[PDB]
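*Asks:* This is protein_10.cif, which holds mmCIF, C-alpha atoms (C1' of nucleotides):
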```cif
data_input
#
loop_
_atom_site.label_atom_id
_atom_site.label_comp_id
_atom_site.auth_asym_id
_atom_site.auth_seq_id
_atom_site.Cartn_x
_atom_site.Cartn_y
_atom_site.Cartn_z
CA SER A 61 60.38 45.99 5.19
CA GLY A 62 62.90 47.78 7.41
CA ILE A 63 63.01 45.36 10.36
CA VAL A 64 64.66 41.93 10.78
CA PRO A 65 63.76 39.33 13.46
CA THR A 66 66.03 39.04 16.53
CA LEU A 67 67.00 35.49 17.53
CA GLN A 68 66.09 35.34 21.21
CA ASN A 69 66.25 31.53 21.41
CA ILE A 70 67.65 28.49 19.62
CA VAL A 71 67.26 24.83 20.41
CA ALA A 72 70.20 22.48 19.78
CA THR A 73 70.08 18.68 19.76
CA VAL A 74 73.33 16.66 19.92
CA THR A 75 74.43 13.04 20.24
CA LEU A 76 77.48 11.91 22.28
CA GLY A 77 77.07 8.24 21.30
CA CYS A 78 77.34 6.37 24.61
CA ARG A 79 74.80 5.26 27.26
CA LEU A 80 76.39 7.15 30.17
CA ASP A 81 75.24 6.92 33.81
CA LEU A 82 73.55 10.10 35.07
CA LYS A 83 74.27 9.51 38.76
CA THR A 84 77.95 10.31 38.17
CA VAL A 85 77.48 13.23 35.71
CA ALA A 86 75.60 15.38 38.20
CA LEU A 87 77.87 14.58 41.18
CA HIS A 88 80.65 16.12 39.06
CA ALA A 89 79.69 19.70 38.10
CA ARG A 90 78.72 23.08 39.56
CA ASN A 91 75.31 23.02 37.88
CA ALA A 92 74.10 19.58 38.91
CA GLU A 93 70.34 19.05 39.16
CA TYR A 94 69.53 15.35 38.93
CA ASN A 95 66.01 14.62 40.16
CA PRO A 96 65.16 11.22 38.61
CA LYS A 97 61.74 11.30 40.28
CA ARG A 98 61.24 14.61 38.41
CA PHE A 99 62.95 14.84 35.03
CA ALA A 100 64.94 11.83 33.80
CA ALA A 101 67.94 14.11 33.02
CA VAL A 102 70.74 16.30 34.45
CA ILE A 103 70.63 20.10 34.30
CA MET A 104 73.81 22.11 33.67
CA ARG A 105 73.10 25.83 33.11
CA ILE A 106 76.52 27.13 31.88
CA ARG A 107 77.48 30.87 31.83
CA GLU A 108 79.27 31.42 28.45
CA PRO A 109 77.96 31.14 25.87
CA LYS A 110 74.81 31.07 28.07
CA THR A 111 72.53 27.98 27.84
CA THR A 112 70.81 25.32 30.01
CA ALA A 113 70.80 22.01 28.10
CA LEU A 114 69.54 18.67 29.43
CA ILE A 115 71.79 15.57 29.37
CA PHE A 116 70.30 12.09 28.77
CA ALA A 117 71.69 8.77 30.02
CA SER A 118 71.70 7.60 26.38
CA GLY A 119 74.03 10.46 25.48
CA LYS A 120 71.87 12.95 23.54
CA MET A 121 71.28 16.17 25.50
CA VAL A 122 68.80 18.94 24.70
CA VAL A 123 70.80 22.15 24.55
CA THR A 124 68.33 25.09 24.78
CA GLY A 125 69.47 28.69 25.29
CA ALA A 126 71.57 30.10 22.46
CA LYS A 127 71.15 33.69 21.28
CA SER A 128 72.74 32.75 17.93
CA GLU A 129 74.50 29.86 16.13
CA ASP A 130 78.01 30.68 17.39
CA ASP A 131 76.64 30.14 20.90
CA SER A 132 74.36 27.10 20.28
CA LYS A 133 77.16 25.06 18.71
CA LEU A 134 79.61 26.01 21.50
CA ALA A 135 76.99 25.69 24.25
CA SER A 136 76.74 22.02 23.33
CA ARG A 137 80.53 21.82 22.81
CA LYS A 138 81.10 22.76 26.43
CA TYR A 139 79.23 19.77 27.88
CA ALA A 140 81.46 17.75 25.60
CA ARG A 141 84.49 18.97 27.53
CA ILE A 142 82.93 18.29 30.96
CA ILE A 143 81.50 14.79 30.32
CA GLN A 144 84.85 14.11 28.65
CA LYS A 145 86.97 15.51 31.50
CA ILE A 146 84.95 13.51 34.04
CA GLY A 147 85.19 9.79 33.16
CA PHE A 148 83.28 9.07 29.93
CA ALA A 149 84.22 8.62 26.25
CA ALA A 150 81.37 10.45 24.42
CA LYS A 151 82.04 12.39 21.17
CA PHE A 152 80.34 15.47 19.67
CA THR A 153 78.18 14.07 16.88
CA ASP A 154 75.34 15.49 14.73
CA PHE A 155 74.77 19.04 15.94
CA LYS A 156 71.20 19.51 14.75
CA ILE A 157 69.28 22.72 15.52
CA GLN A 158 65.64 21.80 16.04
CA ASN A 159 64.20 25.26 16.65
CA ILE A 160 64.97 28.92 16.32
CA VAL A 161 62.77 31.65 17.82
CA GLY A 162 62.29 35.23 16.65
CA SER A 163 60.88 38.62 17.66
CA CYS A 164 60.79 42.37 17.03
CA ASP A 165 58.51 45.42 17.18
CA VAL A 166 56.83 46.71 14.01
CA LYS A 167 56.27 49.94 16.01
CA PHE A 168 52.49 50.38 15.46
CA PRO A 169 49.21 48.92 16.89
CA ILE A 170 47.89 45.91 14.91
CA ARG A 171 44.24 44.87 14.63
CA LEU A 172 43.63 41.14 15.10
CA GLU A 173 39.83 40.75 15.08
CA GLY A 174 39.92 41.49 11.33
CA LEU A 175 43.06 39.55 10.39
CA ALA A 176 41.00 36.53 11.48
CA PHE A 177 38.61 37.32 8.59
CA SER A 178 40.82 37.60 5.50
CA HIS A 179 43.80 35.42 6.43
CA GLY A 180 41.65 33.35 8.82
CA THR A 181 42.25 30.25 6.71
CA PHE A 182 45.75 30.34 8.26
CA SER A 183 44.67 31.82 11.60
CA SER A 184 43.16 31.08 15.03
CA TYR A 185 42.39 33.97 17.40
CA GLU A 186 40.52 33.70 20.70
CA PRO A 187 40.82 37.07 22.49
CA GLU A 188 40.40 36.28 26.21
CA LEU A 189 42.13 32.88 25.85
CA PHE A 190 45.43 34.32 24.60
CA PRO A 191 45.79 37.97 23.51
CA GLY A 192 47.95 36.90 20.58
CA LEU A 193 46.91 35.93 17.08
CA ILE A 194 48.42 32.63 15.86
CA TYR A 195 49.57 32.58 12.21
CA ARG A 196 50.14 29.13 10.73
CA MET A 197 52.41 29.73 7.72
CA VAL A 198 53.12 27.01 5.16
CA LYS A 199 55.98 28.27 2.98
CA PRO A 200 58.04 28.15 4.94
CA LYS A 201 56.43 26.40 7.93
CA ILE A 202 57.17 28.98 10.66
CA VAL A 203 54.58 29.95 13.29
CA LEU A 204 54.10 33.64 13.95
CA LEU A 205 52.53 35.14 17.08
CA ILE A 206 51.03 38.59 16.33
CA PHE A 207 50.28 40.66 19.45
CA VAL A 208 48.00 43.74 19.77
CA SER A 209 50.86 46.19 20.41
CA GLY A 210 52.68 45.11 17.23
CA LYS A 211 55.21 42.64 18.60
CA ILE A 212 55.70 39.31 16.77
CA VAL A 213 57.10 35.96 17.96
CA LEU A 214 58.47 34.01 14.95
CA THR A 215 59.30 30.63 16.48
CA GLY A 216 59.41 27.67 14.07
CA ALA A 217 62.30 27.40 11.60
CA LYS A 218 65.67 25.54 11.62
CA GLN A 219 67.48 28.00 9.33
CA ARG A 220 67.85 31.69 10.21
CA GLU A 221 67.09 32.78 6.62
CA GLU A 222 63.80 30.90 6.91
CA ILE A 223 62.57 32.97 9.87
CA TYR A 224 63.50 36.26 8.13
CA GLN A 225 61.35 35.39 5.11
CA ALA A 226 58.41 34.84 7.47
CA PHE A 227 58.67 38.46 8.64
CA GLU A 228 59.04 39.87 5.11
CA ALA A 229 56.13 37.79 3.81
CA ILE A 230 53.69 38.77 6.61
CA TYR A 231 54.67 42.46 6.50
CA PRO A 232 52.34 43.94 3.81
CA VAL A 233 49.64 42.17 5.88
CA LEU A 234 50.81 43.69 9.20
CA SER A 235 50.64 47.02 7.31
CA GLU A 236 47.09 46.58 5.98
CA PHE A 237 45.59 45.63 9.35
CA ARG A 238 46.21 48.52 11.77
CA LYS A 239 44.83 51.14 14.19
CA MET A 240 45.38 54.52 12.49
CA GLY B 435 63.92 48.34 2.07
CA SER B 436 60.71 50.39 1.89
CA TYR B 437 60.34 50.25 -1.93
CA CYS B 438 61.54 47.23 -3.97
CA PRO B 439 61.66 44.26 -1.59
CA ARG B 440 64.41 42.67 0.50
CA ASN B 441 67.28 40.85 -1.20
CA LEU B 442 67.37 37.21 -0.05
CA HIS B 443 71.08 36.68 0.61
CA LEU B 444 72.14 40.08 1.87
CA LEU B 445 71.05 38.96 5.34
CA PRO B 446 73.13 36.55 7.46
CA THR B 447 72.58 32.79 7.27
CA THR B 448 72.57 30.34 10.20
CA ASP B 449 75.01 28.35 8.04
CA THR B 450 77.57 31.18 8.31
CA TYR B 451 76.97 31.22 12.08
CA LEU B 452 77.61 27.49 12.34
CA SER B 453 80.70 27.41 10.10
CA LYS B 454 82.13 30.00 12.53
CA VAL B 455 82.41 27.30 15.27
CA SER B 456 84.70 24.25 15.24
CA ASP B 457 83.42 20.86 14.02
CA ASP B 458 86.06 18.51 15.52
CA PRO B 459 83.98 15.74 17.17
CA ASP B 460 86.94 14.08 18.97
CA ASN B 461 89.21 17.06 19.79
CA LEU B 462 86.73 19.36 21.59
CA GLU B 463 89.91 20.74 23.20
CA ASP B 464 89.51 24.24 21.71
CA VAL B 465 86.81 25.62 24.03
CA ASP B 466 88.80 25.19 27.29
CA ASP B 467 89.16 28.52 29.15
CA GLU B 468 89.45 27.95 32.95
CA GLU B 469 85.80 28.74 33.83
CA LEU B 470 84.78 25.70 31.80
CA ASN B 471 87.66 23.83 33.42
CA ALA B 472 85.98 24.77 36.75
CA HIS B 473 82.61 23.00 36.27
CA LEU B 474 84.19 19.81 37.62
CA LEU B 475 84.30 19.69 41.43
CA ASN B 476 87.04 17.83 43.34
CA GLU B 477 86.94 15.04 45.96
CA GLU B 478 86.01 16.90 49.16
CA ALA B 479 83.52 18.95 47.11
CA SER B 480 82.06 16.03 45.10
CA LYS B 481 81.76 13.96 48.29
CA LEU B 482 79.52 16.61 49.80
CA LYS B 483 77.12 16.42 46.84
CA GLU B 484 76.78 12.61 46.85
CA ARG B 485 76.10 13.01 50.58
CA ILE B 486 73.38 15.66 50.02
CA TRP B 487 71.93 14.14 46.82
CA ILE B 488 71.46 10.82 48.66
CA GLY B 489 69.33 12.54 51.32
CA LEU B 490 67.13 14.53 48.93
CA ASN B 491 66.60 11.42 46.80
CA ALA B 492 66.39 8.80 49.59
CA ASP B 493 62.76 9.09 48.51
CA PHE B 494 63.63 7.95 44.96
CA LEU B 495 66.29 5.46 46.11
CA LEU B 496 63.89 3.17 48.02
CA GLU B 497 61.46 2.51 45.13
CA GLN B 498 64.49 1.76 42.95
CA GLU B 499 65.83 -0.59 45.63
CA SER B 500 62.39 -2.24 45.65
CA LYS B 501 62.58 -2.41 41.84
CA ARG B 502 65.67 -4.54 42.58
CA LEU B 503 63.34 -6.83 44.59
CA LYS B 504 60.73 -7.24 41.82
CA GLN B 505 63.70 -8.10 39.57
CA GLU B 506 65.08 -10.84 41.87
"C1'" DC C 1 48.91 29.62 34.22
"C1'" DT C 2 46.94 30.70 29.26
"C1'" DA C 3 49.69 29.81 24.02
"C1'" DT C 4 54.12 28.42 19.91
"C1'" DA C 5 57.48 24.90 18.77
"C1'" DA C 6 61.27 21.79 19.35
"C1'" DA C 7 64.06 17.89 20.70
"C1'" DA C 8 64.41 13.56 24.33
"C1'" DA C 9 63.63 9.00 27.16
"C1'" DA C 10 62.34 7.67 31.76
"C1'" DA C 11 57.12 6.71 32.81
"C1'" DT C 12 52.48 6.07 33.22
"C1'" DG C 13 48.40 6.21 30.37
"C1'" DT C 14 45.01 4.31 26.02
"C1'" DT C 15 43.66 1.44 22.48
"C1'" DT C 16 44.03 -2.79 20.84
"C1'" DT C 17 45.61 -7.09 19.75
"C1'" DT C 18 46.66 -12.10 21.73
"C1'" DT C 19 45.88 -15.09 24.63
"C1'" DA D 1 36.70 -10.64 31.23
"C1'" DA D 2 42.59 -10.85 31.14
"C1'" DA D 3 47.37 -10.57 30.43
"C1'" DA D 4 50.03 -8.33 26.46
"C1'" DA D 5 52.65 -6.44 23.58
"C1'" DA D 6 50.97 -1.95 21.07
"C1'" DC D 7 50.74 3.14 20.51
"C1'" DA D 8 50.08 7.81 22.73
"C1'" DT D 9 50.88 11.25 26.19
"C1'" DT D 10 52.47 13.83 30.32
"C1'" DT D 11 57.00 15.72 31.77
"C1'" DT D 12 61.02 19.14 31.21
"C1'" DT D 13 64.07 23.01 29.27
"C1'" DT D 14 64.57 27.79 26.94
"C1'" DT D 15 62.48 32.72 25.29
"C1'" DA D 16 59.86 36.55 24.30
"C1'" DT D 17 54.92 38.11 24.50
"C1'" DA D 18 50.55 39.64 26.60
"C1'" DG D 19 45.66 38.86 28.97
#
```
Represent the supplied structure as C-alpha cells.
*Replies:*
Amino acid sequence: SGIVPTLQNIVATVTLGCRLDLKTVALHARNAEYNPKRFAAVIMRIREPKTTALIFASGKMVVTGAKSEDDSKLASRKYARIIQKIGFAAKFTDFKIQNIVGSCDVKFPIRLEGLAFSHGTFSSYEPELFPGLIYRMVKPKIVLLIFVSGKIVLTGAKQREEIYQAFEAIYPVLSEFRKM
Amino acid sequence: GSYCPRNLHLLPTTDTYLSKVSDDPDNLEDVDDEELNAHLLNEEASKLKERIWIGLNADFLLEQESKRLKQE
DNA sequence: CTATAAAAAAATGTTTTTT
DNA sequence: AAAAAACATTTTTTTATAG
C-alpha cells in the first residue's frame, strides 16, 4: 500500500561475441581470479558501479551485483572496456537482465502457519527447515519470501514494474495474516 | 496509497533505468574514467601474476599437459 | 549451511540408445 | 554385458533474510 520494494540485486547477462582465452584475461587486471580447477571463469569485482560478474571463454559473462539498472548496464559495460583495452575484439551485445531481487519491511509481525492454510495452494512452509514462507506467484511469476518479522524477499522478475506489482498484490494478504 | 490502490505507471520502470545508459556496442568509450583505466596491470606487474598463477595452478597445469598426451 | 532465482560452460554424472 | 552418443546435474556469482 505505502511501501515499494528496494532493488538490492540484479543479474545481467551479456554477450561479447568472441571465444576469448581466459588465461590472458586474468593475467591483465587488478581483480583476477582464474581457478580453472574451480570455476571455469574469471572473476573481476569492480568498484563503480559495484558488481562482480563472471567472464566466460566463449565471451558471455554473468554480471551479478547491480543495485539498479543504471549500474547493471554500466557494470557490464566496464568489462567491455577492459577486455577491449587488453588484446581482444569483443563487442557489447544483448544486455539481458535475467533476475532482479527485492525487499522491504512491512513493519509488523506476520503469521505464517496460517497463510499456509488459505493461500497454501501457492505456498510451502516448513518452520525448522527455513523460517521463511515461500510464495509461488503466477501473475506475474515472481517468488516472494515472507519472513516472521515482516520482511519480504521478492526475487524473480526481469522488469522492475513486475516486482512492484508482486508487493501490491500480496499486501491485503500480508495485512490479513498478522500478530495483533 | 492507503485507500484506492496504486497507480501502475507512477512508479519507475526498469526500461527508464536502462535507457539512461548508453547502448553503443562498438564505442564503449564513454565509461572511461581513470579508475577503470587502472584495472589493466603493466609488464613488471603482469609478469608477477603469471609467475604466481603458474605456481598456484601447477596442480591444474599437469592434468592439462597430460590431456595433451591423451590427445597425441 | 538451510532456502529463492537467474544466467553460463567447463565437467562429471545418469539414462538410454547403438553397437 | 559394452562402448556411445544422449540428457541431466553439480559448480559458481550476487543479495537480503532468518532459524
*Asks:* On this file, the PyMOL selection byres ((chain D and resi 1-7) around 12) gives some set of residues; write that set as an mmCIF file with C-alpha atoms (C1' of nucleotides), keeping the file's coordinate frame.
*Replies:*
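The new file selection-v2.cif reads:
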```cif
data_model
loop_
_atom_site.group_PDB
_atom_site.id
_atom_site.type_symbol
_atom_site.label_atom_id
_atom_site.label_comp_id
_atom_site.auth_asym_id
_atom_site.auth_seq_id
_atom_site.Cartn_x
_atom_site.Cartn_y
_atom_site.Cartn_z
ATOM 1 C "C1'" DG C 13 48.400 6.210 30.370
ATOM 2 C "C1'" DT C 14 45.010 4.310 26.020
ATOM 3 C "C1'" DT C 15 43.660 1.440 22.480
ATOM 4 C "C1'" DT C 16 44.030 -2.790 20.840
ATOM 5 C "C1'" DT C 17 45.610 -7.090 19.750
ATOM 6 C "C1'" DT C 18 46.660 -12.100 21.730
ATOM 7 C "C1'" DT C 19 45.880 -15.090 24.630
ATOM 8 C "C1'" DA D 8 50.080 7.810 22.730
ATOM 9 C "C1'" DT D 9 50.880 11.250 26.190
#
```
*Asks:* What separation in Å, quoted to one decimal, exists between CA of residue 126 in chain A and CA of residue 161 in chain A?
*Replies:*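 Value for the CA of residue 126 in chain A-CA of residue 161 in chain A distance: 10.1 Å.
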*Asks:* Near chain A, meaning an atom within 7 Å, which residues of chain D appear when counting only C-alpha atoms (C1' of nucleotides)? Write them as a ChimeraX atom specification.
*Replies:* /D:11-16,18-19
*Asks:* What lies within 12 Å of residue 62 in chain A using all atoms listed in the file, ignoring chain neighbours under 5 positions off, as a short mmCIF file (atom, residue, chain, number, x, y, z; two decimals) with C-alpha atoms, in the coordinates of the input?
*Replies:*
```
data_model
loop_
_atom_site.label_atom_id
_atom_site.label_comp_id
_atom_site.auth_asym_id
_atom_site.auth_seq_id
_atom_site.Cartn_x
_atom_site.Cartn_y
_atom_site.Cartn_z
CA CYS A 164 60.79 42.37 17.03
CA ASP A 165 58.51 45.42 17.18
CA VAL A 166 56.83 46.71 14.01
CA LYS A 167 56.27 49.94 16.01
CA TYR A 224 63.50 36.26 8.13
CA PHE A 227 58.67 38.46 8.64
CA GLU A 228 59.04 39.87 5.11
CA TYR A 231 54.67 42.46 6.50
CA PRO A 232 52.34 43.94 3.81
CA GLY B 435 63.92 48.34 2.07
CA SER B 436 60.71 50.39 1.89
CA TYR B 437 60.34 50.25 -1.93
CA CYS B 438 61.54 47.23 -3.97
CA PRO B 439 61.66 44.26 -1.59
CA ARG B 440 64.41 42.67 0.50
CA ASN B 441 67.28 40.85 -1.20
#
```
*Asks:* Once the PyMOL selection byres ((chain C) within 9 of (chain A)) has been evaluated on this model, what residues remain selected, and can you format them as JSON, numbers by chain?
*Replies:* {"C": [2, 3, 4, 5, 6, 7, 8, 9, 10]}
*Asks:* Between CA of residue 467 in chain B and CA of residue 93 in chain A, what is the distance, to one decimal in Å?
*Replies:*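 Answer for the CA of residue 467 in chain B to CA of residue 93 in chain A separation: 23.3 Å.
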*Asks:* Quick one: pull the distance between CA of residue 137 in chain A and CA of residue 105 in chain A, Å, one decimal.
*Replies:*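 Atom-to-atom, CA of residue 137 in chain A to CA of residue 105 in chain A, that is 13.3 Å.
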*Asks:* Any chance you could resolve the PyMOL selection byres ((chain A) within 8 of (chain B)) against this file and give the residues as a PyMOL selection string?
*Replies:* chain A and resi 61-62+87-91+95-97+128-130+133-134+137-138+140-142+145-146+151-153+219-221+228
*Asks:* Enclose all atoms of range 171-174 of chain A listed in the file in an axis-aligned box, grow every side by 6 Å, and hand back centre and edge lengths in Å to one decimal, as JSON.
*Replies:*
```
{"center_x": 42.0, "center_y": 42.8, "center_z": 13.2, "size_x": 16.4, "size_y": 16.1, "size_z": 15.8}
```
